[PDB]
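**Student:** 3D, please:
(11 chains, ligands or ions: 11)
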Amino acid sequence: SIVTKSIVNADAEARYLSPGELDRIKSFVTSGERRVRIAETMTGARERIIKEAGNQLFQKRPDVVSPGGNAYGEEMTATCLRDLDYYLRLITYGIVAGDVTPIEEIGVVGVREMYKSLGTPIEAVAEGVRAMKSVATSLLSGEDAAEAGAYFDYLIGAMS
Amino acid sequence: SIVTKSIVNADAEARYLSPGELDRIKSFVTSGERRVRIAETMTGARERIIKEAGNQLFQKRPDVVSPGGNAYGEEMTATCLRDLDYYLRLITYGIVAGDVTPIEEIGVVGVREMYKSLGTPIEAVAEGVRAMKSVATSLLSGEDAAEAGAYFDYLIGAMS
Amino acid sequence: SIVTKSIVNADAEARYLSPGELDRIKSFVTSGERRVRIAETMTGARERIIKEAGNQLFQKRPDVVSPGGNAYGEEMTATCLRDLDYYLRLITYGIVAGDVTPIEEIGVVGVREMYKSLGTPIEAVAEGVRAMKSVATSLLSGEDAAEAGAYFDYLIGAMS
Amino acid sequence: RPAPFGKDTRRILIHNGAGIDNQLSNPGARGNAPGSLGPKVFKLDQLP
Amino acid sequence: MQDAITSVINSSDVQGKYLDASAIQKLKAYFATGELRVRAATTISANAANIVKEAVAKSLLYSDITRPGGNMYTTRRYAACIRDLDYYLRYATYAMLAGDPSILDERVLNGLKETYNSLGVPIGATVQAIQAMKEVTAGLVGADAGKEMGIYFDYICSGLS
Amino acid sequence: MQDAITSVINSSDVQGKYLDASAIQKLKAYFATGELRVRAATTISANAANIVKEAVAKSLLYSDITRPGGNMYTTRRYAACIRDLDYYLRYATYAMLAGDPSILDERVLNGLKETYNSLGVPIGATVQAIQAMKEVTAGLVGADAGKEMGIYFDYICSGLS
Amino acid sequence: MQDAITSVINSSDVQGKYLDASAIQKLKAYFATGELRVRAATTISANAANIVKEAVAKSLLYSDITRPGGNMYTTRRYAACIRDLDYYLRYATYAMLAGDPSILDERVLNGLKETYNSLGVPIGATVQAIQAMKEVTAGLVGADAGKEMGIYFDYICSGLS
Amino acid sequence: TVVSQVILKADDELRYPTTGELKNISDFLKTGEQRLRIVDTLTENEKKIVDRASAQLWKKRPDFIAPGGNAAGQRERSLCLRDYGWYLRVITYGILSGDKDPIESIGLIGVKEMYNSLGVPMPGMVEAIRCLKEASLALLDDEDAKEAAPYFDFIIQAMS
Amino acid sequence: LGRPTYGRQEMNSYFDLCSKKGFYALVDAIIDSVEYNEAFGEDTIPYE
Amino acid sequence: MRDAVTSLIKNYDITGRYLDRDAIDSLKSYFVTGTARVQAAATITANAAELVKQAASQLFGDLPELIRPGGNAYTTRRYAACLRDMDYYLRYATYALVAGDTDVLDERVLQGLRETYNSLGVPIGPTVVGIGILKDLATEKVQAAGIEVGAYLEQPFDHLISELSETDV
Amino acid sequence: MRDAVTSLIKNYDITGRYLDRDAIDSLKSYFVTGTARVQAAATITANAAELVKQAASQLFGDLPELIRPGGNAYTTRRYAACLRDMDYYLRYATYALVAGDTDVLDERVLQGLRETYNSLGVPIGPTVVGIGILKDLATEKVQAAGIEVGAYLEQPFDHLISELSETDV
Ligand SMILES: *[C@@H](C)[C@H]1/C(=C/c2[nH]c(/C=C3N=C(/C=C4\NC(=O)C(CC)=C4C)C(C)=C\3CCC(=O)O)c(CCC(=O)O)c2C)NC(=O)[C@@H]1C
Ligand SMILES: *[C@H](C)[C@H]1/C(=C/c2[nH]c(/C=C3N=C(/C=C4\NC(=O)C(CC)=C4C)C(C)=C\3CCC(=O)O)c(CCC(=O)O)c2C)NC(=O)[C@@H]1C
Ligand SMILES: *[C@H](C)[C@H]1/C(=C/c2[nH]c(/C=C3N=C(/C=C4\NC(=O)C(CC)=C4C)C(C)=C\3CCC(=O)O)c(CCC(=O)O)c2C)NC(=O)[C@@H]1C
Ligand SMILES: *[C@H](C)[C@H]1/C(=C/c2[nH]c(/C=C3N=C(/C=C4\NC(=O)C(CC)=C4C)C(C)=C\3CCC(=O)O)c(CCC(=O)O)c2C)NC(=O)[C@@H]1C
Ligand SMILES: *[C@H](C)[C@H]1/C(=C/c2[nH]c(/C=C3N=C(/C=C4\NC(=O)C(CC)=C4C)C(C)=C\3CCC(=O)O)c(CCC(=O)O)c2C)NC(=O)[C@@H]1C
Ligand SMILES: *[C@H](C)[C@H]1/C(=C/c2[nH]c(/C=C3N=C(/C=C4\NC(=O)C(CC)=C4C)C(C)=C\3CCC(=O)O)c(CCC(=O)O)c2C)NC(=O)[C@@H]1C
Ligand SMILES: CCC1=C(C)/C(=C/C2=NC(=C\c3[nH]c(/C=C4\NC(=O)[C@H](C)[C@H]4CC)c(C)c3CCC(=O)O)/C(CCC(=O)O)=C2C)NC1=O
Ligand SMILES: CCC1=C(C)/C(=C/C2=NC(=C\c3[nH]c(/C=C4\NC(=O)[C@H](C)[C@H]4CC)c(C)c3CCC(=O)O)/C(CCC(=O)O)=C2C)NC1=O
Ligand SMILES: CCC1=C(C)/C(=C/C2=NC(=C\c3[nH]c(/C=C4\NC(=O)[C@H](C)[C@H]4CC)c(C)c3CCC(=O)O)/C(CCC(=O)O)=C2C)NC1=O
Ligand SMILES: CCC1=C(C)/C(=C/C2=NC(=C\c3[nH]c(/C=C4\NC(=O)[C@H](C)[C@H]4CC)c(C)c3CCC(=O)O)/C(CCC(=O)O)=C2C)NC1=O
Ligand SMILES: CCC1=C(C)/C(=C/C2=NC(=C\c3[nH]c(/C=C4\NC(=O)[C@H](C)[C@H]4CC)c(C)c3CCC(=O)O)/C(CCC(=O)O)=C2C)NC1=O
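**Tutor:** Residues are numbered from 1 along each chain as shown, chains lettered A, B, ... in the order given. Ligands and ions are numbered 1, 2, ... in the order given. Find the structure here:
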């Protein structure tokens, strides 16, 4: 979280908690009720996001769905909606934590070595989460979609 | 705009502009600098929006560029992308005017009988303006992409 | 109030509330502490307001207290001193609701026909509303006399 | 049988014709012809 | 139509007195909850058509009602139904910001006991589509507003039955 | 039937261009006068009936137009002329809050001109009354708003004559 | 490392005085443009493999340089050349976030001018690649923040040339 | 400030700043005009503070003015009165920056032993800052007393 | 108008008009409304 | 008649569902106030025969049109009938205070009360003031007994005001 | 290190689930105390360099069996090392007070602390008394600061007691 990142930086300099990170944390924790009613609506509409971005991906990238691509066949394209189910599930952990260390430790740090070892194109996921962002900003209101949409935009930068 | 909407609705009753709705004119006309600054970002990036949504449209629908369809060669595809530039002008006109009313006078109310008469498919244009939303809201901030996203949502509801 | 005036305007167009309309409610609810603090100065000092504006009306129109008048004598003046209690109660209902419909249903609709049947001159009691605007601004702040005084200038044009 | 009705009320009515073409949904569709579902609309064109 | 602001005004006017300290205290209870209602309206009107689509697929589709014999057969009787669920959603959110179900006594629940009987609409399916609409709009708006959204859905849901 | 916002849209919709900086300069001159126009609307709200009286008491009602022989003599002709001088103002501040005389083009000037040529209402008295209403408006709203109020009155003087 | 906050701290501390009005007019300008710069630093990091691609695919591919003979023929020269253009863009965004080019004076322009002539690197081609990367970035973030990178993109080009 | 915490935090991990600190950067940059209510009310009330704390020190511990002490001569006392407003200058750097980075690297790193290079002992000069806090916080308003109080509080811990 | 009355405030606006002006302006005020002219037109027989 | 428990039954019965998490937490919200409901209902009936007597003397000292021969509280034929017709508003406010909602008030006292008083010439106006003098007071004997007071102990009294009195705005 | 938020992440990540109703109410229970967490953490660091000095003089006045030449706090080589080794227990108690749980205490200070002190001859015994004196001397400055106090801010400290000290019973 931010609260881990404020401790761990203040632990490295071996001082106490600064007046700087006393007010980053206090401003985080008085926004704590606002972020959970952002992150509930992602989990409250998780079957709609996965179905719409699944509809949005495969028309953008028809080399995947066509045979000889990776997600071809009804068992394999069910796994690519499950492959995107995890990344929507991870983003709700990042919205609650206020940072991306749930994203980093679980869904970032070995991606390009794994997806090269599975046969899928790596940048085709980076279109899909970007297509997943374009239905998530239509859920929320405007001032919250800049907050939750940044966590989507972090995940694009890990892929490409 | 909201000025003429608060005049036509004030003239049918023939009343002298009750001061509940004159507070709307207080916060519309003073806040025009916020709304016209969204229109500078659309006009200043006009040549990027149309070209990046042109090839995105032709990837989704390769029937249109291919012979047999309705845009062959450089000549009809130029007016194809000019036709999007008529709409990017029109979304810019709707952002300044506060609401949607200078679009139906220009670009909505005959567009099914028009495009059927020209032979072009109606819903393929609706994929174009949907592709134009996916680039414009990435350029725009999140509290303003709710405002510009309302006028982009109307045009998809207009053609489809 | 603010929202039930904007609901019944949004019902005739058969549409949900605009984001250009919903921030009006968002601004009004957060600025709810200030307008209640305007209203207690009206209620807490209203014996000063009626008695001074009653003296100002009978100097601006001395024909009312004359023989052959409507408010002539001790008894008949006392309800004209009590009618201004009623109109000042509608302004301090109006600034709390923020709109004109608690004033408009109670004292605005039938007021051309009401004082017509009672024999009073309608504009003369409407002139005392204009004197009551001047005293209620004198006990008020810089911005607060302009905002709460706007419904005072509704009511003079209501009867006239 | 009286009933205490409000200050402003809307009786809910059924469009004699198309179901979606009630004016409470789309006020821009009340100028249309009702089509085959509704009654016959007459108009004057040919004057002698 | 009675707003919760105007309901305190209509209470305090008919006694003749001005605004009391207790009557001012009720408006501050409304104004503290005013942020939670205006958040709930703007997160619905962006995707009010999506809630209608997700509520008919939960309870009404692939049933007896959408089959021949049922009432959501023959698309005249289906486009009318999809706008009908659009009406309850649009009139719940007006009743949200009003904070008072007096809109639903005036503009919603007048004929709906008799007009559905006089049109052959089964009430036992539209009273479950309302509850299916509440179970998706609690997930879409939030757990805190979805109880208070669910007051004005169950006022419609008890009014139909 | 449209305001100054959509006027410079429709001035710039033709010839295909977008909102250039000269057109934005026209929009910025309307936005900075947004404070002056709406408090000029609420100044003539409270004195709408007195400004019809004080106009005609300065110019009209002691003449031969109101004598028998004139045409503002009987009460059914008095009631229409006092309706017109009210509604000339009631569309003037509609055009003042909008920001162009395009309201006056579509609901004052196209019908009122050739009516008076066929009725026998005198029209030089109207422009003599609308000038008397012009100076007394600026003497009530203040000279900061009257110099932009009088151009909308002078649009009525230009078209009626 | 000098933030534009800390730059006017240090220019006030060398005189030993408090913050004057003209120093605060640098802060309140900088506090005004805070939300603009944060919106730009997100959308660059979501596109930082595409800004580095469309800069080189516009200006450097199929040229003299990608052809055999000069400076990007082998793959290890190509991997080193895309390592620089990634690192220029990553160091340009810090000066966009700070509002001061002291990052570029300390961390980029120290050894870079000396080591390019010492390696035979064409300065005149890599002053063009950052120049080509500006109008990609000015289109990718919007021209309000596109006029913000142009100080700090060409602060590299002022130093490297 | 918060921005030099993030760039020096993202350079050695070679990665762009993620959204967990970009939300933290933007939250500081909306609080400048709140922090600028505190920075000038310290500024023009400097000389009222600088001897109200200086009289407060020697009425609490008179040994620096006692003969054989530290500021027993006037050329040391003119130095020691200067160092209060030097410490009032650098504290106001910290309230403007909202962090520790000016208040570290000007007047705090190494003062524990370089007063010992001079004659002035350490923990009496801890008492000088602690009486300077209550000499400033009495002048400050109460709802913004609690914001500037940890910036005075850090100097007590780091010096002792 | 080919429909019933809409509610109470739509009918109270007609009841005072025949209380003052008479029946001849009641039948006028139905016809020159917006709901007569823009839903039927100026050359149609009305229908229910 | 219809408790806050039983109103939540046919809020859930007609849709055919069990008791979920929202049912288990709204019903616990009623039960945590149930100690405060019952002990407030004791002290309302502590001097309930006195509480109508202190209210109506404070009513008729405030509105002296209703004593002098005008509107109907003139004789003791009217006045002792007025104290009884006041006492139903105190007694039924005790029931809905315990019952949670106002549905006991909805179909025992409120239905027909606009039509009973119009048939007699009893004004609806000062009846609203008569409940307005009790609902603020009733709170005095809850406050002087030490029970907290606010959310409820008015939930019932202004439901006898906002639904009995005719809507103006 | 591992927040109460992030401990609830891998309480839910390893089973592969989303955030349900129990996740949304346990996390709100952390956030309602977060204003009381941070303001208690300010006033703990109000006089934290004094707070170790008042504790250890109250320690060594209570157990002289650590000043006179016995167990190792004898010289200022030991005593100023003792005040530093005390000061880590105060400083890391600030972090876990803000972080919610004690997992910052679990893998920064507690691991190896039974094995560091045994290699030096530092007793584990009065270290527990040294946190036990800091147990209540931290609550005094929270109480004199107007912060409410409770299990939060009086727990980090006995997690440094119940897991550092060896189990007897
Ligand atoms: C004094 C003001 C002048 C004057 C006026 C006068 N007016 C009328 C009659 C009409 N005036 C109108 C006006 C309008 N119709 C519109 O649509 C608009 C735009 C809002 C306006 C201003 C109309 C329709 C009439 C006809 C009214 C009718 O019911 O027939 C008259 C004629 C009355 C008559 O029958 O003789 C006159 C005399 N008279 C003067 O002396 C001044 C020149
Ligand atoms: C690219 C289009 C141009 C180009 C690039 C190129 N550079 C190198 C070698 C180096 N580049 C650097 C760069 C930096 N050091 C820094 O500290 C920073 C700031 C973050 C930068 C940008 C360094 C240190 C070297 C030398 C060490 C190394 O191993 O890379 C090469 C390799 C040259 C070779 O002969 O192998 C290339 C190709 N050169 C061009 O041709 C383009 C104009
Ligand atoms: C006391 C020595 C004198 C006195 C005083 C008194 N009476 C009241 C109150 C009431 N008096 C009546 C009287 C009548 N009701 C009847 O039906 C008849 C027969 C026609 C009579 C004479 C009534 C109804 C009331 C109650 C309503 C009211 O307030 O008037 C008061 C006020 C008591 C209070 O403060 O609550 C006082 C002081 N009554 C006497 O008989 C003596 C002459
Ligand atoms: C006294 C403070 C007010 C007042 C009272 C008044 N009431 C009546 C008569 C009746 N009141 C009722 C009311 C109810 N009956 C019920 O069953 C219920 C629900 C439990 C209610 C609320 C009825 C039925 C009557 C008629 C007589 C009867 O009880 O059978 C009168 C008598 C009228 C007369 O002059 O005869 C009076 C005076 N009137 C006021 O002015 C005060 C506001
Ligand atoms: C005051 C005039 C006399 C005095 C009093 C005093 N000392 C202490 C505390 C300590 N004294 C020591 C002493 C030493 N440490 C060393 O390493 C050496 C060299 C071998 C010496 C002499 C230490 C470690 C302490 C702290 C631990 C303790 O409590 O003993 C006190 C107690 C202070 C308190 O209450 O906290 C007092 C009163 N010291 C002098 O030098 C004078 C003779
Ligand atoms: C003093 C009140 C108590 C006491 C302290 C004492 N400690 C030491 C030495 C060390 N203490 C540590 C402890 C930690 N290091 C860490 O990194 C952490 C986690 C943040 C902890 C808890 C270590 C490593 C040492 C060794 C020296 C060093 O720091 O490198 C001594 C010195 C022993 C000696 O005589 O030399 C003393 C005196 N001893 C007591 O009696 C008190 C209970
Ligand atoms: C809240 C809405 C409301 C309005 C508008 C209202 C008007 C109202 N004014 C009245 C009387 C009156 N009002 C006046 C007032 C005036 N006469 C003058 O000369 C002055 C110029 C002017 C006021 C300054 C007079 C003289 C009477 C007595 C008329 C009569 O009894 O013949 C009466 C009859 C007695 C009464 O019940 O007070 C009503 C009902 N009552 C209401 O409840
Ligand atoms: C007799 C007049 C009449 C029609 C036409 C009608 C259509 C109708 N089509 C439906 C679904 C459907 N209809 C289709 C059909 C198609 N989807 C496609 O992509 C193709 C473009 C297309 C045909 C080639 C599909 C896929 C569904 C189910 C939706 C889903 O699976 O999400 C449903 C909902 C479930 C059902 O009852 O079948 C109705 C009511 N109902 C009627 O009463
Ligand atoms: C909130 C206020 C409100 C209500 C209650 C309302 C009901 C309503 N439903 C109608 C038709 C209809 N409504 C339904 C709806 C349904 N039947 C089913 O099987 C489903 C359970 C359910 C919806 C999913 C159907 C099938 C019709 C067509 C019946 C017909 O046209 O004969 C009509 C007639 C056509 C029209 O004018 O729209 C009305 C007035 N309209 C309103 O504005
Ligand atoms: C001697 C060592 C050497 C290598 C390795 C080399 C690679 C190389 N390949 C390039 C382009 C390319 N290389 C390919 C090749 C391929 N893509 C495909 O789909 C094919 C299957 C595959 C062939 C293996 C393509 C399509 C481009 C053009 C890419 C573009 O223009 O976007 C370019 C950019 C143009 C240029 O400046 O030359 C370089 C430098 N050049 C060299 O001098
Ligand atoms: C930018 C950060 C910074 C500061 C503020 C600073 C101050 C500073 N204080 C000094 C001395 C001093 N400081 C004190 C102070 C005190 N004695 C007491 O009893 C009191 C507790 C305290 C009173 C405020 C005195 C008395 C001297 C003179 C000692 C001497 O120079 O002989 C000196 C040496 C001589 C001089 O310049 O006056 C410096 C450089 N140095 C720095 O680098």
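**Student:** There's contact between residue H:158 and residue H:108 in this structure, I believe.
**Tutor:** Yes: using C-beta atoms under 8 Å, residue H:158 is in contact with residue H:108, at 5.4 Å. Backbone N, C-alpha and C define where each C-beta goes, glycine included.
**Student:** Mind checking if stretch I:36-46 is in reach of chain C?
**Tutor:** No: contact of stretch I:36-46 with chain C (C-beta under 8 Å from any C-beta of the partner chain) is absent, the minimum separation being 13.5 Å.
**Student:** Now do that stretch: distance from first to last residue.
**Tutor:** Stretch I:36-46 stretches 9 Å from its first residue to its last (C-alpha to C-alpha, to the nearest Å).
**Student:** Same question for stretch A:96-115.
**Tutor:** Start to finish, the residues bounding stretch A:96-115 are 27 Å apart (C-alpha to C-alpha).
**Student:** so how far is the helix or strand encompassing residue A:37 off the chain centroid?
**Tutor:** Per DSSP states H and E: residue A:37 is located in helix A:32-44. Taking C-alpha atoms, centre = their mean, to the nearest Å, the mean C-alpha location of helix A:32-44 is offset from the chain mean by 14 Å.
**Student:** Just the residues contacting it, thanks.
**Tutor:** By C-beta atoms under 8 Å, 6 or more residues apart in numbering or on different chains, the residues outside helix A:32-44 that reach it are A:49, A:88, A:91-92, A:95-96, A:98, A:136, A:139-140, A:144, A:147-148, E:43, E:136, E:138-144, K:18-19, K:24, K:27-28, K:30-31, K:34.
**Student:** Please identify the buried residues of that helix?
**Tutor:** Within helix A:32-44, the residues scored as buried using 16 or more other C-beta atoms under 10 Å in any protein chain shown are A:32, A:35-44.
**Student:** ok, the residues you listed vs residue H:71, which is closest?
**Tutor:** Checking those against residue H:71 by C-beta to C-beta gives residue A:32 as the nearest, at 50.0 Å.
**Student:** Please determine how far that closest one is located from residue J:43.
**Tutor:** Remark: distance between residue A:32 and residue J:43 (C-beta to C-beta, to the nearest Å) = 41 Å.
**Student:** cool, and residue E:155?
**Tutor:** Residue E:155 is 33 Å from residue J:43, by C-beta to C-beta.
**Student:** the inter-axis angle of the helix or strand containing residue A:54 versus helix B:46-60?
**Tutor:** Residue A:54 is part of helix A:46-60, with elements assigned from DSSP H and E. Interaxial angle, helix A:46-60 versus helix B:46-60 (axes from the mean of the first three to the mean of the last three C-alpha atoms, to 10 degrees): 90 degrees.
**Student:** Where does whatever residue of chain D ends up closest to ligand 3 sit: helix, strand or coil?
**Tutor:** Using C-beta to the nearest ligand atom, the closest approach of chain D to ligand 3 is made by residue D:4 at 32.8 Å. At residue D:4 the chain is in coil, as set by DSSP: H, G, I helix; E, B strand; the rest coil.
**Student:** Was I right to think it contacts residue J:112?
**Tutor:** No: judged on C-beta under 8 Å, residue D:4 makes no contact with residue J:112 at a distance of 10.9 Å.
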